[PDB]
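Some notes on the structure that comes next.
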Amino acid sequence: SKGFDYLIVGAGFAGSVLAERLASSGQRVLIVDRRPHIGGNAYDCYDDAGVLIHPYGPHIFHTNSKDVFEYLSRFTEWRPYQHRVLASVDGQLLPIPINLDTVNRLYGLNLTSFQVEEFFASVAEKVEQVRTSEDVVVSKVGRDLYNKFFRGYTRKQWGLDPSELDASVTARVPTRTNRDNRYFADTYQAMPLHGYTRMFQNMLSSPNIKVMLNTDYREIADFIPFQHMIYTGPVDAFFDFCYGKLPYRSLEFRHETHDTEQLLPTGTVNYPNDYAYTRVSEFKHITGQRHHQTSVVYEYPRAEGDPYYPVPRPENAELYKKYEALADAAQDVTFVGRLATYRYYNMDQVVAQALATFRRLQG
Amino acid sequence: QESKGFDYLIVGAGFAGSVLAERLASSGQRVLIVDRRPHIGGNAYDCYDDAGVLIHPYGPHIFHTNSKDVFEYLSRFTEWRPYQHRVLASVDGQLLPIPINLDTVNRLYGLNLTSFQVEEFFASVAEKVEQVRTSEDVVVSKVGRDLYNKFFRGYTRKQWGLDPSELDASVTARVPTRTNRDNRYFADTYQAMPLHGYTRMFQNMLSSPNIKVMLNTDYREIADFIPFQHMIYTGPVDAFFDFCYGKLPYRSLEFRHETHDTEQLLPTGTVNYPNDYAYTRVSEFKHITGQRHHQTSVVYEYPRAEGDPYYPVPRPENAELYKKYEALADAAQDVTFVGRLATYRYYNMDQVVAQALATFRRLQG
Ligand SMILES: Cc1cc2nc3c(=O)[nH]c(=O)nc-3n(C[C@H](O)[C@H](O)[C@H](O)COP(=O)(O)OP(=O)(O)OC[C@H]3O[C@@H](n4cnc5c(N)ncnc54)[C@H](O)[C@@H]3O)c2cc1C
Ligand SMILES: Cc1cc2nc3c(=O)[nH]c(=O)nc-3n(C[C@H](O)[C@H](O)[C@H](O)COP(=O)(O)OP(=O)(O)OC[C@H]3O[C@@H](n4cnc5c(N)ncnc54)[C@H](O)[C@@H]3O)c2cc1C
Ligand SMILES: O=c1ccn([C@@H]2O[C@H](COP(=O)(O)OP(=O)(O)O[C@H]3O[C@H](CO)[C@H](O)[C@H](O)[C@H]3O)[C@@H](O)[C@H]2O)c(=O)[nH]1
Ligand SMILES: O=c1ccn([C@@H]2O[C@H](COP(=O)(O)OP(=O)(O)O[C@H]3O[C@H](CO)[C@H](O)[C@H](O)[C@H]3O)[C@@H](O)[C@H]2O)c(=O)[nH]1
């Protein structure tokens with residue numbers, strides 16, 4: 001071989017799906033990551049005690065797309081799992097998303113599904129145009145439930161009030177009149193049976209894929225031959241922050257192991273109103289691993305650190321537009337992924353995006 | 001005229017490559033380390049299996065050394081679980097200590113020798129050999145022909161596809177005969193396993209910012225276009241020189257992994273089978289790792305003539321062939337050869353580490 005058809009930057013879902021697709025169509029692919037491991041944020045591994053964990057926070061796979069689910073199925077088997085989260089509020093562990101039981105338990109009511117609908121209507125606030133993260137919630141369940149479940153959590157997570165964020169943020173967590181307590185109502189809910197990393201290895205295993213780790217693309221870009229680049233990192237950095245830093249929100253993770261089989265009643269407990277952390281997660285709930293000990297992770301929001309979240313709001317959408325135009329003009333570069341196109345995407349969404357990009361590149 | 005690129009391209013991420021990658025990196029050299037396998041660690045790589053048991057995909061690796069410096073060097077990259085490996089040989093339907101010792105002899109023949117008598121006993125069955133050269137010679141001249149047939153001949157024939165008469169003495173000489181009651185497989189000063197396994201240790205070794213790690217990559221797919229100033233090669237020597245003198249024999253293995261629904265399958269880390277079955281041995285990883293788990297994973301090793309090279313085959317016809325490749329190696333301007341495969345040496349892990357450290361001091365001189 002004398003070079004590569006593609007240099008792919010980042011070995012998370014965005015990069016790896018494209019690597020898999022290009023390589024299976026005959027292309028020579030070099031995939032690179034500044035991190036010492038593949039998988040990006042979805043990387044998993046065994047900790048010191050032998051528990052399978054997610055070093056970058058709990059990643060629960062879920063999708064409504066049959067195509068996405070069947071695509072991933074090529075690379076892993078599944079453990080069925082429907083994630084459930086409780087919120088700590090007024091000293092109780094209550095379902096989030098808010099549902100019938102959340103409301104009845106919180107206030108000691110005995111409303112039926114039909115009645116809880118009118119109760120919501122009786123407390124809701126009228127908003128002419130729903131635009132912010134405050135609007136979406138307050139206009140649906142009213143001020144008190146907003147205060148109890150969203151305001152505090154949102155401020156802690158983003159360093160911003162919900163009125164300061166686009167509606168699309170808090171609207172991720174739909175409110176319900178029914179008694180569904182799953183965090184997701186997606187059609188397909190399941191975890192890679194032996195974890196994500198195993199899945200990524202299968203994904204990246206073709207002979208046409210060379211993997212370079214612990215490596216910034218800029219370190220090798222001058223002297224490795226390649227026709228096209230797929231970039232999945234932060235956009236602002238790609239253009240040397242020429243228009244200023246595009247805000248991304250970060251996280252610090254405090255992992256702990258405990259000498260019992262179970263610490264929590266569910267996979268994740270949220271803390272809208274207490275503590276420095278937004279939530280704790282316990283991995284055995286998610287992986288189904290059996291073990292005599294247990295490992296959990298506490299997440300603390302951070303203004304600095306590796307970028308994990310775009311911050312959806314008008315001034316950032318605007319700043320992003322500028323970077324987007326440089327991106328659109330970059331000739332032999334395709335931008336794809338949560339960080340690179342500045343979209344608050346779920347794993348399955350990134351997969352679909354990568355798949356659609358491959359089709360265009362081909363197709 | 002062209003990009004100088006990396007100071008060193010290192011082929012293979014086993015002990016040989018990784019130790020040199022770490023040393024060169026710490027001195028400020030830019031390193032690209034490549035392996036055709038999809039993981040680091042060479043033969044010593046370990047990982048958790050489908051059941052969550054820590055295993056060694058390429059057979060049991062027990063760390064042991066007499067070198068305090070090798071032990072301390074590695075200690076920079078891992079903590080340790082103390083462990084002294086013990087092997088039992090299946091002979092006459094009993095599980096007996098190998099290396100052969102006092103208890104082995106007493107139990108096998110129904111004797112009651114003391115340590116002072118078993119020496120005299122050995123003396124009385126030993127065959128003399130004016131010059132020891134063969135793997136047959138080393139054994140038969142110390143413990144005689146019956147003990148040789150029971151513990152060594154069959155195992156050796158099965159492992160190498162050669163009779164011990166066709167191997168250099170150094171192969172069977174690896175397993176000393178004892179007149180004491182020591183049942184450890186090794187008597188080395190430092191015996192201990194990387195607390196969280198080899199892979200974790202290797203990851204720490206290759207963590208430097210000056211180290212770029214390329215997996216799933218034959219160096220040959222890369223060497224035409226990636227600029228490097230010097231090469232460190234740790235693969236088989238014959239292949240490097242396009243088998244221009246014919247195939248250098250390396251012995252291979254096939255591994256069959258199993259997980260059983262019990263806490264413990266075997267009484268020790270490894271049971272050898274000199275006289276039974278197609279496999280040479282079974283090993284049970286929890287003995288070696290100290291891992292706690294409600295199931296257990298084991299591996300059976302089948303000797304293969306064909307496949308990835310794991311052992312040089314020490315005997316005169318092969319040392320002959322290697323000598324020729326070695327002259328080519330010594331002459332190759334910007335390439336240095338290191339490790340079990342590249343220098344055709346039947347080395348344990350610690351010896352490869354020592355080789356790599358010594359090569360580093362030479363490069364730096
Ligand atoms: C705490 C947390 C929980 C989450 N939970 C879920 C969940 O439960 N369910 C769900 O569906 N999704 C979840 N996600 C989101 C999910 O992680 C994303 O969809 C996923 O990250 C998308 O992958 P990606 O390829 O776009 O980016 P990434 O995973 O971030 O990968 C991009 C890669 O690019 C690399 N890179 C950047 N710059 C360079 C450079 N210069 N050189 C080399 N490499 C570079 C990075 O190191 C990175 O690994 C969660 C995310 C977080 C942070
Ligand atoms: C079954 C078995 C059991 C063992 N048990 C013990 C033990 O108990 N105790 C002990 O001390 N030692 C043990 N060893 C010995 C130990 O494996 C070796 O000393 C050590 O692993 C060798 O290190 P290395 O770097 O020299 O070679 P390797 O581990 O073999 O690594 C060389 C690397 O180079 C790579 N390579 C080769 N060609 C290319 C190419 N062209 N392109 C890219 N990469 C290439 C290979 O993939 C390989 O990973 C055992 C060995 C085996 C096989
Ligand atoms: O109890 C809550 C939960 C959410 N929110 C608000 O709604 C937003 C979106 O909530 P997410 O649960 O989607 O937050 P994350 O992205 O940080 O969490 C990640 O891990 C979660 C646990 O699985 C979910 O899967 C989620 O989809 C996944 O992206 C939060 O930022 C916040 O503004 C709350 O105010 N209170
Ligand atoms: O029961 C035996 C043991 C050894 N031998 C002979 O002596 C040789 C060298 O024996 P090794 O035990 O060193 O064989 P290995 O290199 O294959 O074993 C590897 O795996 C082992 C784990 O059980 C030990 O850690 C050993 O040191 C490690 O290099 C064998 O090839 C064979 O010729 C026997 O004939 N019979």
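Letters A, B, ... go to the chains of the structure tokens in the order shown; residues in each chain start at 1; ligands are counted from 1 in the same order.
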Counting only C-alpha atoms, which residues of chain B fall within 8 Å of chain A, and what is the closest atom pair for each with its distance in Å at one decimal, ordered by chain and rising number, as a tab-separated table?
residue	atom	partner	partner_atom	distance
B:3	CA	A:223	CA	7.2
B:5	CA	A:223	CA	7.6
B:38	CA	A:205	CA	7.6
B:48	CA	A:46	CA	7.8
B:50	CA	A:194	CA	6.5
B:52	CA	A:50	CA	7.7
B:196	CA	A:48	CA	6.5
B:207	CA	A:36	CA	7.5
B:209	CA	A:214	CA	7.3
B:211	CA	A:214	CA	7.3
B:212	CA	A:214	CA	5.7
B:213	CA	A:213	CA	5.2
B:214	CA	A:212	CA	4.3
B:215	CA	A:211	CA	5.3
B:216	CA	A:210	CA	5.6
B:217	CA	A:210	CA	5.9
B:221	CA	A:1	CA	5.6
B:222	CA	A:1	CA	7.2
B:224	CA	A:2	CA	6.4
B:225	CA	A:2	CA	6.1
B:226	CA	A:224	CA	6.2
B:227	CA	A:223	CA	7.5
B:293	CA	A:291	CA	7.5
Nearby residues, ligand 2, 7 Å, only C-alpha atoms and all ligand atoms, as a VMD selection string: chain B and resid 11 to 17 34 to 37 41 to 44 58 to 64 217 to 220 234 to 236 310 to 311 338 to 341 347 to 350 352
Selection within 7 Å of ligand 3 by only C-alpha atoms and all ligand atoms, output as a PyMOL selection string: chain A and resi 58-60+83+87+96+149-154+157+162+169-173+268+270-272+346
Requested write-out: C-alpha atoms of the selected residues, as a PDB file, in the first residue's frame:
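The resulting file, result17.pdb, is shown below:
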ATOM      1  CA  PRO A  58     -23.611   5.818  31.959  1.00  0.00           C
ATOM      2  CA  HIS A  59     -24.314   5.139  28.275  1.00  0.00           C
ATOM      3  CA  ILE A  60     -27.671   3.468  27.710  1.00  0.00           C
ATOM      4  CA  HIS A  83     -33.410   1.962  31.815  1.00  0.00           C
ATOM      5  CA  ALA A  87     -35.301  11.574  41.164  1.00  0.00           C
ATOM      6  CA  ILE A  96     -38.561  10.822  36.187  1.00  0.00           C
ATOM      7  CA  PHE A 149     -37.562  18.503  39.025  1.00  0.00           C
ATOM      8  CA  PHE A 150     -36.001  20.739  36.349  1.00  0.00           C
ATOM      9  CA  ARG A 151     -34.901  24.170  37.557  1.00  0.00           C
ATOM     10  CA  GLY A 152     -32.319  23.038  40.109  1.00  0.00           C
ATOM     11  CA  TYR A 153     -31.052  20.144  37.975  1.00  0.00           C
ATOM     12  CA  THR A 154     -30.714  22.313  34.875  1.00  0.00           C
ATOM     13  CA  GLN A 157     -25.857  20.732  34.912  1.00  0.00           C
ATOM     14  CA  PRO A 162     -33.589  26.884  31.803  1.00  0.00           C
ATOM     15  CA  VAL A 169     -32.864  20.650  26.086  1.00  0.00           C
ATOM     16  CA  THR A 170     -35.533  20.047  28.759  1.00  0.00           C
ATOM     17  CA  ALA A 171     -37.869  18.764  26.056  1.00  0.00           C
ATOM     18  CA  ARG A 172     -35.639  15.691  25.911  1.00  0.00           C
ATOM     19  CA  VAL A 173     -37.527  14.501  28.992  1.00  0.00           C
ATOM     20  CA  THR A 268     -29.563   6.011  37.917  1.00  0.00           C
ATOM     21  CA  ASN A 270     -30.992  12.039  39.803  1.00  0.00           C
ATOM     22  CA  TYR A 271     -30.478  14.891  42.257  1.00  0.00           C
ATOM     23  CA  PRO A 272     -32.205  18.073  41.085  1.00  0.00           C
ATOM     24  CA  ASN A 346     -27.801  10.336  21.239  1.00  0.00           C
TER      25      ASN A 346
END
8 Å shell around ligand 1 using only C-alpha atoms and all ligand atoms, listed as a ChimeraX atom specification: /A:9-16,32-35,38-42,56-63,214-218,231-234,237-238,250-251,299,307-309,336-340,344-351
Chain B residues near ligand 4 within 7 Å, closest pair each, using only C-alpha atoms and all ligand atoms, as a tab-separated table:
residue	atom	partner	partner_atom_place_in_ligand_line	distance
B:60	CA	ligand 4	22 (C)	5.3
B:61	CA	ligand 4	25 (O)	6.0
B:62	CA	ligand 4	25 (O)	5.0
B:87	CA	ligand 4	23 (O)	6.4
B:89	CA	ligand 4	1 (O)	5.9
B:98	CA	ligand 4	1 (O)	6.1
B:151	CA	ligand 4	36 (N)	5.1
B:152	CA	ligand 4	35 (O)	3.3
B:153	CA	ligand 4	35 (O)	6.0
B:154	CA	ligand 4	35 (O)	6.9
B:155	CA	ligand 4	35 (O)	4.5
B:156	CA	ligand 4	33 (O)	4.1
B:159	CA	ligand 4	31 (O)	6.0
B:164	CA	ligand 4	33 (O)	7.0
B:171	CA	ligand 4	8 (C)	5.1
B:172	CA	ligand 4	7 (O)	3.9
B:173	CA	ligand 4	7 (O)	6.8
B:174	CA	ligand 4	9 (C)	5.2
B:175	CA	ligand 4	7 (O)	5.7
B:270	CA	ligand 4	23 (O)	5.2
B:272	CA	ligand 4	1 (O)	5.5
B:273	CA	ligand 4	1 (O)	6.9
B:274	CA	ligand 4	1 (O)	5.9
B:283	CA	ligand 4	23 (O)	6.9
B:348	CA	ligand 4	29 (O)	5.8
Residue 246 of chain A environment, 8 Å, only C-alpha atoms, sequence neighbours closer than 5 positions dropped, as a ChimeraX atom specification: /A:236,241,316,319-320
Restrict the selected residues to N, CA, C and O atoms and save them as a PDB file, in the first residue's frame.
ATOM      1  N   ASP A 236     -14.833  24.142  16.669  1.00  0.00           N
ATOM      2  CA  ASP A 236     -14.095  25.359  16.956  1.00  0.00           C
ATOM      3  C   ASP A 236     -12.587  25.091  16.929  1.00  0.00           C
ATOM      4  O   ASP A 236     -11.831  25.859  16.330  1.00  0.00           O
ATOM      5  N   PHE A 241     -10.092  27.944  16.814  1.00  0.00           N
ATOM      6  CA  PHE A 241     -10.877  28.862  17.634  1.00  0.00           C
ATOM      7  C   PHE A 241     -10.878  30.278  17.033  1.00  0.00           C
ATOM      8  O   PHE A 241     -10.889  31.268  17.769  1.00  0.00           O
ATOM      9  N   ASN A 316     -25.166  30.726  20.840  1.00  0.00           N
ATOM     10  CA  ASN A 316     -24.252  29.653  20.477  1.00  0.00           C
ATOM     11  C   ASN A 316     -24.607  29.075  19.119  1.00  0.00           C
ATOM     12  O   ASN A 316     -23.719  28.709  18.352  1.00  0.00           O
ATOM     13  N   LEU A 319     -22.934  31.556  16.840  1.00  0.00           N
ATOM     14  CA  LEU A 319     -21.488  31.378  16.795  1.00  0.00           C
ATOM     15  C   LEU A 319     -21.176  30.120  15.996  1.00  0.00           C
ATOM     16  O   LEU A 319     -20.249  30.098  15.181  1.00  0.00           O
ATOM     17  N   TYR A 320     -21.967  29.075  16.215  1.00  0.00           N
ATOM     18  CA  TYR A 320     -21.748  27.836  15.498  1.00  0.00           C
ATOM     19  C   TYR A 320     -21.939  28.012  13.993  1.00  0.00           C
ATOM     20  O   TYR A 320     -21.192  27.430  13.200  1.00  0.00           O
TER      21      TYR A 320
END
All residues 7 Å or closer to segment 138-147 of chain B, only C-alpha atoms, same chain fewer than 5 positions away omitted, as a PyMOL selection string: chain B and resi 122+125-129+132+169+173
Separation of atom CA of residue 199 of chain A from atom CA of residue 64 of chain A in Å: 19.8 Å
Assign secondary structure with DSSP using the backbone only, and return the residues of segment 78-237 of chain A in alpha helix (DSSP H) as a compact mmCIF listing (two decimals) with N, CA, C and O atoms, in the first residue's frame.
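Just written: selection.txt:
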# COMPACT_ATOMS: atom_id res chain seq x y z
N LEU A 100 -48.02 9.69 36.28
CA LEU A 100 -49.13 9.61 37.23
C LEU A 100 -48.59 9.35 38.63
O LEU A 100 -48.95 10.03 39.58
N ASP A 101 -47.72 8.34 38.74
CA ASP A 101 -47.25 7.93 40.06
C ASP A 101 -46.40 9.01 40.72
O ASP A 101 -46.53 9.24 41.93
N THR A 102 -45.58 9.70 39.92
CA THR A 102 -44.79 10.83 40.40
C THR A 102 -45.67 11.86 41.08
O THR A 102 -45.36 12.34 42.17
N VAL A 103 -46.78 12.21 40.43
CA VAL A 103 -47.67 13.25 40.94
C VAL A 103 -48.45 12.79 42.17
O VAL A 103 -48.54 13.52 43.15
N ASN A 104 -49.01 11.58 42.11
CA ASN A 104 -49.77 11.00 43.22
C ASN A 104 -48.91 10.79 44.46
O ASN A 104 -49.35 11.08 45.57
N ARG A 105 -47.70 10.26 44.28
CA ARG A 105 -46.81 10.04 45.42
C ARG A 105 -46.31 11.37 45.99
O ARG A 105 -46.28 11.57 47.20
N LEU A 106 -45.93 12.30 45.11
CA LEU A 106 -45.41 13.58 45.56
C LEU A 106 -46.37 14.36 46.47
O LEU A 106 -45.96 14.91 47.49
N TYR A 107 -47.65 14.40 46.09
CA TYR A 107 -48.63 15.26 46.77
C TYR A 107 -49.64 14.45 47.58
O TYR A 107 -50.57 15.01 48.16
N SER A 113 -55.22 8.51 35.39
CA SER A 113 -54.56 9.07 34.21
C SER A 113 -55.37 10.19 33.59
O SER A 113 -54.82 11.21 33.20
N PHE A 114 -56.68 9.98 33.49
CA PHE A 114 -57.58 11.00 32.98
C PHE A 114 -57.58 12.26 33.85
O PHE A 114 -57.53 13.38 33.33
N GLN A 115 -57.63 12.09 35.17
CA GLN A 115 -57.60 13.24 36.07
C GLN A 115 -56.27 13.98 36.08
O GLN A 115 -56.25 15.20 36.23
N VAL A 116 -55.16 13.26 35.93
CA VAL A 116 -53.86 13.92 36.01
C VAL A 116 -53.66 14.85 34.82
O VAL A 116 -52.95 15.85 34.90
N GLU A 117 -54.33 14.53 33.72
CA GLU A 117 -54.31 15.41 32.56
C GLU A 117 -54.93 16.78 32.87
O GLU A 117 -54.34 17.81 32.56
N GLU A 118 -56.11 16.79 33.49
CA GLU A 118 -56.74 18.06 33.86
C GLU A 118 -55.99 18.79 34.98
O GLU A 118 -56.01 20.02 35.06
N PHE A 119 -55.35 18.04 35.87
CA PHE A 119 -54.55 18.65 36.92
C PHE A 119 -53.39 19.45 36.31
O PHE A 119 -53.13 20.58 36.71
N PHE A 120 -52.71 18.84 35.34
CA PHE A 120 -51.64 19.53 34.64
C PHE A 120 -52.18 20.80 34.00
O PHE A 120 -51.64 21.89 34.18
N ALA A 121 -53.29 20.65 33.27
CA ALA A 121 -53.94 21.78 32.64
C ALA A 121 -54.28 22.87 33.65
O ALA A 121 -54.32 24.05 33.31
N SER A 122 -54.51 22.48 34.90
CA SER A 122 -54.94 23.44 35.91
C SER A 122 -53.78 24.22 36.52
O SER A 122 -54.00 25.24 37.18
N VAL A 123 -52.56 23.75 36.31
CA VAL A 123 -51.39 24.44 36.86
C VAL A 123 -50.48 25.03 35.77
O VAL A 123 -49.65 25.89 36.06
N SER A 133 -36.04 26.36 27.50
CA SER A 133 -36.19 25.15 28.28
C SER A 133 -37.14 25.35 29.46
O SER A 133 -37.74 24.39 29.95
N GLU A 134 -37.28 26.60 29.90
CA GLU A 134 -38.28 26.95 30.90
C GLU A 134 -39.69 26.83 30.31
O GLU A 134 -40.54 26.15 30.87
N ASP A 135 -39.91 27.49 29.17
CA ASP A 135 -41.19 27.45 28.47
C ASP A 135 -41.75 26.04 28.36
O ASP A 135 -42.90 25.80 28.75
N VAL A 136 -40.96 25.11 27.81
CA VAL A 136 -41.47 23.77 27.50
C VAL A 136 -42.05 23.07 28.72
O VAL A 136 -43.04 22.37 28.60
N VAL A 137 -41.43 23.24 29.88
CA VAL A 137 -41.86 22.54 31.09
C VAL A 137 -43.00 23.28 31.81
O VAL A 137 -44.04 22.71 32.13
N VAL A 138 -42.77 24.55 32.06
CA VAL A 138 -43.75 25.39 32.73
C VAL A 138 -45.10 25.41 31.99
O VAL A 138 -46.15 25.51 32.60
N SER A 139 -45.06 25.28 30.66
CA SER A 139 -46.29 25.32 29.89
C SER A 139 -47.00 23.98 29.87
O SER A 139 -48.08 23.86 29.29
N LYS A 140 -46.40 22.97 30.50
CA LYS A 140 -46.97 21.63 30.48
C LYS A 140 -47.37 21.11 31.86
O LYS A 140 -48.42 20.48 32.01
N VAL A 141 -46.55 21.37 32.87
CA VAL A 141 -46.83 20.83 34.20
C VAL A 141 -46.83 21.90 35.28
O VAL A 141 -47.03 21.60 36.46
N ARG A 143 -45.40 25.51 37.43
CA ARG A 143 -44.23 26.11 38.05
C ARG A 143 -43.62 25.25 39.17
O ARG A 143 -42.41 25.07 39.22
N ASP A 144 -44.47 24.74 40.05
CA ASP A 144 -44.00 23.93 41.17
C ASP A 144 -43.25 22.67 40.72
O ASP A 144 -42.16 22.40 41.21
N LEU A 145 -43.82 21.91 39.79
CA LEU A 145 -43.15 20.71 39.29
C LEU A 145 -41.88 21.04 38.51
O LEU A 145 -40.89 20.31 38.58
N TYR A 146 -41.92 22.15 37.77
CA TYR A 146 -40.73 22.69 37.13
C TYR A 146 -39.66 22.93 38.19
O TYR A 146 -38.53 22.47 38.04
N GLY A 152 -33.54 23.36 39.39
CA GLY A 152 -32.32 23.04 40.11
C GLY A 152 -31.36 22.14 39.35
O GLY A 152 -30.15 22.40 39.33
N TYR A 153 -31.88 21.08 38.73
CA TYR A 153 -31.05 20.14 37.98
C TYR A 153 -30.39 20.85 36.80
O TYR A 153 -29.19 20.70 36.59
N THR A 154 -31.20 21.60 36.05
CA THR A 154 -30.71 22.31 34.87
C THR A 154 -29.63 23.35 35.21
O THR A 154 -28.60 23.42 34.52
N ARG A 155 -29.85 24.14 36.26
CA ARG A 155 -28.85 25.13 36.68
C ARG A 155 -27.51 24.48 37.02
O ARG A 155 -26.44 24.98 36.67
N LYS A 156 -27.60 23.35 37.72
CA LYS A 156 -26.42 22.64 38.17
C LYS A 156 -25.69 22.03 36.97
O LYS A 156 -24.48 22.19 36.82
N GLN A 157 -26.44 21.37 36.09
CA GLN A 157 -25.86 20.73 34.91
C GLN A 157 -25.22 21.71 33.90
O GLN A 157 -24.15 21.42 33.36
N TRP A 158 -25.86 22.85 33.65
CA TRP A 158 -25.42 23.75 32.58
C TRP A 158 -24.76 25.04 33.04
O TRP A 158 -24.18 25.77 32.23
N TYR A 196 -19.60 -2.13 25.02
CA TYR A 196 -19.36 -1.34 23.83
C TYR A 196 -18.01 -1.60 23.19
O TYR A 196 -17.91 -1.72 21.97
N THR A 197 -16.98 -1.67 24.01
CA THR A 197 -15.62 -1.80 23.49
C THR A 197 -15.50 -3.04 22.60
O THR A 197 -14.94 -2.97 21.50
N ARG A 198 -16.08 -4.15 23.04
CA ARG A 198 -16.12 -5.37 22.25
C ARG A 198 -16.83 -5.16 20.90
O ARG A 198 -16.38 -5.65 19.86
N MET A 199 -17.93 -4.42 20.95
CA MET A 199 -18.66 -4.03 19.76
C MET A 199 -17.78 -3.18 18.83
O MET A 199 -17.71 -3.46 17.64
N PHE A 200 -17.10 -2.17 19.38
CA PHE A 200 -16.22 -1.33 18.55
C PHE A 200 -15.08 -2.13 17.91
O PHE A 200 -14.71 -1.88 16.76
N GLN A 201 -14.51 -3.08 18.65
CA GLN A 201 -13.45 -3.91 18.09
C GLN A 201 -13.94 -4.66 16.86
O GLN A 201 -13.27 -4.67 15.82
N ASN A 202 -15.11 -5.29 16.97
CA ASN A 202 -15.70 -5.98 15.82
C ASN A 202 -15.90 -5.00 14.66
O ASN A 202 -15.62 -5.31 13.51
N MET A 203 -16.39 -3.81 15.00
CA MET A 203 -16.69 -2.79 14.01
C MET A 203 -15.42 -2.39 13.24
O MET A 203 -15.46 -2.19 12.02
N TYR A 217 -4.54 13.98 15.29
CA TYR A 217 -4.44 13.94 13.83
C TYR A 217 -3.42 14.94 13.29
O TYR A 217 -2.84 14.73 12.24
N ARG A 218 -3.23 16.05 14.00
CA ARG A 218 -2.34 17.10 13.53
C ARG A 218 -0.88 16.64 13.60
O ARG A 218 -0.02 17.20 12.92
N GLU A 219 -0.62 15.63 14.42
CA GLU A 219 0.72 15.08 14.57
C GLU A 219 1.14 14.26 13.36
O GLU A 219 2.33 14.06 13.14
N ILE A 220 0.19 13.74 12.59
CA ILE A 220 0.54 12.87 11.47
C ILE A 220 0.01 13.34 10.13
O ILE A 220 0.29 12.73 9.09
N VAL A 235 -15.72 21.42 16.42
CA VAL A 235 -15.49 22.29 15.25
C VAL A 235 -14.59 23.47 15.55
O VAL A 235 -13.70 23.78 14.77
N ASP A 236 -14.83 24.14 16.67
CA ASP A 236 -14.10 25.36 16.96
C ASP A 236 -12.59 25.09 16.93
O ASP A 236 -11.83 25.86 16.33
N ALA A 237 -12.16 23.99 17.54
CA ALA A 237 -10.73 23.64 17.56
C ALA A 237 -10.16 23.37 16.16
O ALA A 237 -9.02 23.71 15.87
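Atom CA of residue 10 of chain B is found 22.8 Å from atom CA of residue 8 of chain A.
Distances from A:274, A:331, A:312, A:284 to residue 248 of chain A were compared using only C-alpha atoms, and the smallest one belongs to A:312.
For the residues B:318, B:210, B:291, B:115, ranking by smallest atom-to-atom distance to residue 7 of chain B using only C-alpha atoms places B:210 first.
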Who sits within 10 Å of residue 334 of chain B, only C-alpha atoms, same chain under 6 positions skipped, as a PyMOL selection string: chain B and resi 8+228-232
Take the selection from the previous step and output its residues with N, CA, C and O atoms, as a CSV table (one decimal), in the first residue's frame.
chain,number,residue,atom,x,y,z
B,8,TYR,N,11.9,6.5,15.7
B,8,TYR,CA,11.9,5.1,15.7
B,8,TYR,C,10.5,4.5,15.3
B,8,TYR,O,9.5,4.9,15.9
B,228,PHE,N,10.4,7.3,9.0
B,228,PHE,CA,11.1,6.9,10.3
B,228,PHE,C,12.6,6.9,10.1
B,228,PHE,O,13.1,6.5,9.1
B,229,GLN,N,13.3,7.3,11.2
B,229,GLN,CA,14.8,7.3,11.2
B,229,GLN,C,15.5,6.0,11.5
B,229,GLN,O,16.5,5.6,11.0
B,230,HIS,N,14.9,5.2,12.4
B,230,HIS,CA,15.4,3.9,12.8
B,230,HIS,C,14.3,2.9,13.1
B,230,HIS,O,13.2,3.3,13.6
B,231,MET,N,14.5,1.6,12.8
B,231,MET,CA,13.5,0.6,13.1
B,231,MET,C,14.0,-0.4,14.2
B,231,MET,O,15.2,-0.8,14.2
B,232,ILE,N,13.1,-0.7,15.1
B,232,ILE,CA,13.3,-1.8,16.0
B,232,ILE,C,12.3,-2.9,15.7
B,232,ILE,O,11.1,-2.7,15.7
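Atom CA of residue 205 of chain B lies 14.6 Å from atom CA of residue 30 of chain B.
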Strand (DSSP E) residues, from DSSP on the backbone, in segment 52-178 of chain B, as JSON, numbers by chain: {"B": [54, 55, 64, 65, 80, 81, 82, 87, 88, 89, 90, 91, 94, 95, 96, 97, 98]}
Contacts of residue 259 of chain A at 10 Å (only C-alpha atoms; same-chain gap of 4+ positions) as a ChimeraX atom specification: /A:263,292-295
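For residue 316 of chain B, the residues within 12 Å (counting only C-alpha atoms, excluding itself and residues fewer than 6 positions away along the chain) are residues 133, 134, 165, 166, 167, 168, 169, 170, 249, 322 and 323 of chain B.
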